[PDB]
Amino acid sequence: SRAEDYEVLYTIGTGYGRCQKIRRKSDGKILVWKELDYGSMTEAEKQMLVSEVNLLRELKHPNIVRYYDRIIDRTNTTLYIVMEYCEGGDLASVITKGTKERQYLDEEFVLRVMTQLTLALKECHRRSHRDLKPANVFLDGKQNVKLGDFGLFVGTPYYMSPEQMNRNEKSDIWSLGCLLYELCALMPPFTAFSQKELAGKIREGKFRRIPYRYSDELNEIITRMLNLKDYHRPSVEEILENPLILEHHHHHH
């Protein structure tokens, strides 16, 4: 694991540090890395970074962004985390694009996201947290969908579940429902200017139907994930049993 084993193509994001698209010298494989400067970190914080990286390395699944390697450049006090390159980028940018272009996404694409994220979620629960939010969902070059490592103040918590408003794997189902709803409608199911107003809308549990281009069957399952009672939301298993979900909606190598 050395930095010289890879060549940077270009930077794809800056924030935490920066994310760059890179090329593995030995075989030409295209990857990315997260570049983190740990020079200002205490031993404690550096220690919580080690454990974190250890947690990233323990989850291997087709619908979870894959970790490849960790590289320490103790000279520039930089740590690189090497991960898979997702050519389609993140889902938040896809929604924004639809919103700005005034173009809804195909039902087929929504089903692929539902199927593959529900499988990612199933694997997360099996192990036991990674945020179910558009910015943390990635698309590769083969129609596959993968959950990233985000989560694993200023903002409105659009996706918080009713039971989290005050006090559960069913809560993850609510968040997935919010995500799929936003993918369809291009806006979250509950919106407001403050968290208090938001909590008011969430408690009432009312929202618009997703657009009419989407089947009553898809509207139905998203609506069930958004039930106020956690025990009326479908489990991972009940979601995957839905007649909408077919083999082609799953991942393929």
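Counting begins at 1, following the sequence as shown. We call the rigid core the largest set of C-alpha positions that still match within 1.5 Å between the two forms.
Core-fitted comparison in 9 other deposited structures of this protein shows that, between 214 to 222 and 54 to 62, the CA atoms farther from the shown form belong to 54 to 62. Of the two stretches examined, 65 to 73 and 181 to 189, the one with higher mean CA deviation in 9 other deposited structures of this protein after a rigid core fit is 65 to 73.
Figure legend: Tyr10 is marked as modelled in all of the other comparable entries of the protein, none of which omit it, let alone a third. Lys100, present in the displayed chain, carries coordinates in each of the other PDB entries compared that cover both sides of it, far from a third leaving it out. The stretch of deposited sequence separating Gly15 from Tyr16 contains 1 to 3 residues lacking coordinates in this entry. The entry shows an unbroken chain from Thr75 to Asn76, with no unmodelled residues of the deposited sequence in between. The mean Cα B-factor in the deposited entry runs higher for 75 to 83 than for the other of 75 to 83 and 117 to 125. For the pair 40 to 48 and 60 to 68, the record assigns the higher mean C-alpha temperature factor to 40 to 48. Remark: of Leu55, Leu226, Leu218, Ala185, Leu55 shows the highest value [criterion: C-alpha B-factor in the PDB entry]. Within the selection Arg112, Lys133, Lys170, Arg130, the deposited Cα B-factor values reach their highest point at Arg130. Among all modelled residues in this chain, the alpha-carbon of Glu163 has a temperature factor (C-alpha) in the highest third. Among all modelled residues in this chain, the alpha-carbon of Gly155 has a temperature factor (C-alpha) in the highest third.
Per the PDB record, residue ranking by Cα B-factor puts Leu246 in the lowest third of the chain. In this PDB entry, the Cα temperature factor of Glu101 sits in the top third of its chain's modelled residues, the highest group. In this PDB entry, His252 carries a Cα temperature factor that places it within the lowest third of its chain's modelled residues.
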